[PDB]
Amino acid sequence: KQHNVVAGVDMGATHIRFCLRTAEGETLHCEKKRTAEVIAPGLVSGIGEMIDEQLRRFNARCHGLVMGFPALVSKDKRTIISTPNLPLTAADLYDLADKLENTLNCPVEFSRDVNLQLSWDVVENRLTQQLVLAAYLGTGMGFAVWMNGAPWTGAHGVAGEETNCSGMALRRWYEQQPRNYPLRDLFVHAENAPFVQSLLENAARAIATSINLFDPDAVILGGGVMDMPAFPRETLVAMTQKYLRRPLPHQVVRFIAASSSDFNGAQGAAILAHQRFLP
């Protein structure tokens, strides 16, 4: 049984997620591999063989690849323009889009990881025709924009770019002295720490600033910091609402909690590949 597919790959420091989506919009396959294993034969050979084994298995023809990176990506989506925190060399990233195209025999585009999460969340929340802003609080504060039916990256591809309002800032505060609880449980025991409340207020000001400037239909809040036990999502939303201009955008902007699931990112990439390289 033949299949026409697109490939979605989300590239992490420890794992790589990979999804195959049919022309019909069906998820044909999803897998998670360890990054170290995939790149052992060289990055291009590794990805090429990871994808091609599944194409051969499902008798699939691949019409394109969207690959996610925790890094800045050029306007034309072909060049990684910041050093990603991945176990890859400078040489590996060099001319990667062309090398992947030659090996995979289909177009290849790159995307910043937060656009993949944004795409999953926009499609899942029925927001594809709206102006949507996403704030992803992880190791740093990640912001993304959905506009005109696609992720929006500005003039040079770097739209949506805080030292002390991030996962790194929380880690550095935690590390100041010995704690009776693990870092992952910080919000269970330290939600009311003066420094933690200042971080939440800051994040709130930043989110509210972005909302006042874009005037979106909706705002998706998420990131790895929001997945931590006892993270006060309701307090952050209420803090942000204090700074929204009234009557509009205060009375009309809708707040959505981001989906946090293993394959969302890879699936997001597959959805973007489908839009760009099909129907």
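Don't overthink the numbering: it's just position in the shown sequence, from 1.
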query: Chain break class at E161/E162 - deposited residues not modelled; finding: 10 or more
query: Residue stretch of maximal mean CA temperature factor, 108-116 vs 135-143; finding: 135-143
query: Of 215-223 and 22-30, the stretch whose C-alpha atoms average the higher B-factor in the entry; finding: 22-30
query: Identity of residue with top Cα B-factor, from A193, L86, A206, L100; finding: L86
query: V123 - which third its CA temperature factor falls in, relative to the rest of the chain; finding: middle
query: Chain-relative CA temperature factor third for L278; finding: highest
query: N180, C-alpha B-factor rank within chain (lowest, middle or highest third); finding: lowest
query: Chain-relative CA temperature factor third for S82; finding: highest
query: Ranked C-alpha temperature factor of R56 among modelled chain residues, by third; finding: middle
